[PDB]
Amino acid sequence: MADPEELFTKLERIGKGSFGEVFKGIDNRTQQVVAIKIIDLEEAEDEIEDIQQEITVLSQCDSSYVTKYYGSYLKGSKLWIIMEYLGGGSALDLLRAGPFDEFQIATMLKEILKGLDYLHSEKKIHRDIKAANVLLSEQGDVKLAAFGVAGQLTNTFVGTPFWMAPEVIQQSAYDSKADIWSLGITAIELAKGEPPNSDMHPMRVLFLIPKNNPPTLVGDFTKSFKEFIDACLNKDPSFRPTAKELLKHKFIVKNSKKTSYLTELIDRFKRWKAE
Amino acid sequence: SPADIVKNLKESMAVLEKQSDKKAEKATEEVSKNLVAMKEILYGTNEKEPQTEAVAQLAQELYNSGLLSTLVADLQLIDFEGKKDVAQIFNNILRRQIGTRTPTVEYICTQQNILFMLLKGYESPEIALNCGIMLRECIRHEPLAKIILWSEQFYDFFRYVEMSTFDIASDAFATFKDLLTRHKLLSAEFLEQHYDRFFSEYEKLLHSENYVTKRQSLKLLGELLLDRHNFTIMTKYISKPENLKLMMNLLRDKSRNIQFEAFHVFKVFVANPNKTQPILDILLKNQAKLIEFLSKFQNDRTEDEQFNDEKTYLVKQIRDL
Amino acid sequence: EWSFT
């Protein structure tokens, strides 16, 4: 009996390019800003139980390194999923206004890694780790987008194979270590602005990833940065460090700073953009 | 030790019950550290294995303290991540056995009121979901499933699955589903022994304003009928003419999915080799408009083969009377 | 529209 259209106010679509299903909004009661996802359910018709599982899993997380779930509202047959909104923007959006310090990169990775640590311990995985899902508060807190969050035990897809681990591609038996692999790519991505083989055709990529040598960080970056990345990007999953282990890697430890300092980036972006 | 750890946790447990603030922030933090080392013993630290000797000695020191009953009785008082632990620890014990018999089952057979405390948890929104994870782990065992399905507190679901919170409504339906399904030979024994009242309340579900509730119930009706164990119920259902009156209308529903779901219950009435009079009274009176409907009904669904087979069939049936 | 009555 709760009408979400009265309860919330839909503002611009976060699918500023992307899903025509996610909007910035306001909780009319609290005035707190939220992200609102609207799912058709008629059009979906593919296991409401799936969409609900996707929610039960999300609702199980209370880490401040993964975006919060606030609840769901049914109007007719459209379902409003309300999630925590992040004013800073994404690492990918921030990148639009120039490159990052190894300090800034390491600060973020440290945070993401904590998210991942939390997620892994609950036998969960992320499944969509990429600069675009590294979100920031205006205060500079860093957290994983809810999009990816999933149970290990399980339109059911990813659109692009760039961040995908070679075993995942081979439909192979896979686990949390494939997240670790994506982190590796995300790193290269933060360092370079785009993942390895951006210019390539996604079909061709898919067959290179398992066949070729793992990609590597190239150019003016410290040895430990490169070494971090070479750690993540091991073809053999078992030879990939855990999240917890990576948290104490010379690159992280030598280069993390307070997350507050990340607001330099936010500010820079704000200064940069027109309008 | 596994012996003291339950004694160290029972004290901090009792302390929190019926309290504060300064000694509440300190005390409720203690229960947390307890519940983690608790869960640590049951999931093998980093020494690879849960020992199975330390896990055995721990397991007994639990029904004896009886803290489990009260732990559920005051779940609201625990913190989020602790509540998460509580279920995680509970879910281990419920499963563990020597091989021959599950001792947790026999223990809960004794302390009975522990089960319905969980079904009551559906009224606390801050505890509802947690409780779900426990009960659906509890329904897995036959002797625990016997207790709930045949209880008076069973018919509470019909407004639990209507609860204003969609999440909670859903989670309740998941248990509801799992009860009337899990042990089909147990579940079947319940339905003919209670047809009138059960289907009285169920009929309300199919009339719901809530789209999901409506859909999921109609879908769940389908599965319940198309079941080898529930044959005696389906026949008793596919003959009352009120049941067929409804389905026919649900086929006119604003929603594609709902209609299609209704069709699968509808077909079962019209496929009956032993149709009873009132059913034929309705089918004959509508004969003309029915062939007219099934001809046009979801033709877009071209590659559905079995569906179209079912359709061409239902028309022969209706045409030939 | 179905006819029942």
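Residues numbered from 1 in each chain as written, not as in the entry; some residues may be left out. Chains lettered and ligands numbered in written order. Heavy atoms only, no water. Residues with missing side-chain atoms left out of burial classes, pairs and counts.

If you check the header, you'll see the entry was determined by X-ray crystallography and the resolution is listed as 3.25 Å.

Undergrad: Explanation requested: the overall build of chain A in the structure shown.
TA: Helix and strand counts for chain A come out as 11 helices and 10 strands. Against the 2.2 N^0.38 benchmark of 19 Å for 275 residues, chain A shows a C-alpha radius of gyration of 19 Å, consistent with a compact globule. Each principal axis of the C-alpha distribution contributes one length, and for chain A these read about 60 × 45 × 35 Å. (Helix = DSSP H or I, 4+ residues; strand = E, 2+ residues; numbered from the N terminus. Rg over C-alpha atoms; globule rule 2.2 N^0.38 Å.)

Undergrad: Where do I start with the UniProt feature "binding site: ATP" in chain A in this structure?
TA: UniProt's feature table lists "binding site: ATP" at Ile14(A), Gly15(A), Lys16(A), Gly17(A), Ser18(A), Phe19(A), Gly20(A), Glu21(A), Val22(A) and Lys37(A), given in the numbering used throughout. Here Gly17(A) is to be found in the loop between β1 (8-13) and β2 (22-27). (UniProt positions renumbered as here; feature names shortened; annotations may be inferred.)

Undergrad: Quick question: what am I supposed to make of the sheet that holds β1(A) here?
TA: Residue and element names in this part refer to chain A. Within the open sheet, the 5 strands sit side by side as β1-β2-β3-β5-β4. Their pairing is antiparallel. Lying at the two open borders of the sheet, with one neighbouring strand each, are β1 and β4 (69-75). Averaged over all neighbouring strand pairs, the angle between strand axes comes to 35°, with direction disregarded. (Pairing = 2+ DSSP bridges. Axes fitted to C-alpha atoms, helices over the stretch in contact; angles between N-to-C directions.)

Undergrad: In this structure, what is going on with the packing of helix α1 (residues 2-16) of chain B against helix α4 (residues 54-63) of chain B? I would like to understand it.
TA: Two numbers describe a pair of packed helices, the interaxial angle and the distance between the axes. Residue and element names in this part refer to chain B. It is the contact of α1 with α4, at a shortest axis distance of 8 Å, that shows an interaxial angle of 40°. With respect to their mutual orientation, α1 and α4 come out oblique. Judged by the sense of rotation from one axis to the other, the crossing of α1 with α4 is right-handed. Contacts between α1 and α4 involve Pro2, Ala3 and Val6 from the former and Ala54, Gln57, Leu58 and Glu61 from the latter. The residue makeup of the contact of α1 with α4, split by class, is 5 nonpolar, 1 polar and 1 charged. (Parallel < 35°, antiparallel > 145°, perpendicular 65-115°, else oblique. Left-handed = near helix turned anticlockwise from the far one by under 90°. Contact = heavy atoms within 4.5 Å. Nonpolar A, V, L, I, M, F, W, Y, C, P; charged D, E, K, R; others polar.)

Undergrad: Would you take a moment to explain the interface of chain C and chain B for this structure?
TA: For interface size, the figure often reported is the accessible area lost on association. The partner chain B presents 9 residues to the 4 residues of chain C that form the contact. The residue makeup of the side of chain C that touches chain B, split by class, is 2 nonpolar, 1 polar and 1 charged.

Undergrad: Explanation requested: the interface of chain B and chain A in the structure shown.
TA: Each side of the interface is counted separately: chain B has 14 residues, and chain A has 19 residues. The set of elements that each furnish at least two residues to the side of chain B that touches chain A consists of α6 (80-95), α12 (166-179), α15 (211-225) and α18 (256-270) of chain B. With 4 residues, α15(B) is the single largest residue contributor to the side of chain B that touches chain A. For the side of chain B that touches chain A, a count of residues per class yields 4 nonpolar, 5 polar and 5 charged.

Undergrad: Before we go on, may I ask you to explain the sheet that holds strand β9 (residues 142-144) of chain A in this structure?
TA: Within a beta sheet, neighbouring strands are joined by backbone hydrogen bonds and run either parallel or antiparallel to one another. Residues and elements named next belong to chain A. An order of β6-β8-β9 is seen for the 3 strands of this open sheet, with the pairing classed as antiparallel. A single partner strand is all that each edge strand has here, and the edge strands are β6 (89-90) and β9. Looking at chain direction, β6 and strand β8 (residues 134-136) are connected through 2 bridges and run antiparallel. The residue of β8 that forms the bridge with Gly89 is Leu136. Most of the contacts of helix α4 (residues 102-121) go to β9, to which it runs at about 40°, and overall it touches β8 and β9.

Undergrad: In this structure, what is going on with the pairing of strand β3 (residues 33-39) of chain A? I would like to understand it.
TA: Walk down a regular strand and you will see the side chains alternate between the two sheet faces. Residue and element names in this part refer to chain A. Of the strand pairs in this sheet, β2 and β3 are connected by 5 bridges, and their pairing is antiparallel. The residue of β3 that forms the bridge with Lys24 is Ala35. Here β2 folds back onto β3, and the loop between the two strands holds 5 residues, one of which, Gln31, carries a positive phi near 75°. Here β3 runs beside strand β5 (residues 78-84); their pairing, made up of 6 bridges, is antiparallel. Residue pairing across strands places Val34 opposite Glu84, the latter belonging to β5.

Undergrad: Help me understand the domain arrangement of chain A in this model?
TA: Residue and element names in this part refer to chain A. When cut into domains, chain A gives domain 1 (1-85) and domain 2 (86-275). When each unit is reduced to the centre of its C-alpha atoms, the spacing between domain 1 and domain 2 is 25 Å. Each side of the interface is counted separately: domain 1 has 15 residues, and domain 2 has 20 residues. Residue assignment for the side of domain 1 that touches domain 2 shows that the elements contributing at least two residues are α2 (48-59) and β5. Of the residues belonging to the side of domain 1 that touches domain 2, the class tally is 8 nonpolar, 4 polar and 3 charged. (Domains from an automatic or database assignment.)

Undergrad: Honestly, the UniProt feature "active site" in chain A in this entry has me stumped. Any pointers?
TA: Residue and element names in this part refer to chain A. When the UniProt feature table is mapped onto this chain, "active site" is found at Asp128. Here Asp128 lies in the loop between β7 (124-125) and β8. When sequence neighbours within four positions are dropped, the list of residues in contact with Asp128 reads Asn133, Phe147 and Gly148.

Undergrad: What exactly am I supposed to notice about the pairing of β2(A) here?
TA: Inspection of the sheet shows β1(A) paired to β2(A) by 4 bridges, in the antiparallel sense. Along β2(A), the bridge assignment pairs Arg13(A) with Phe23(A).

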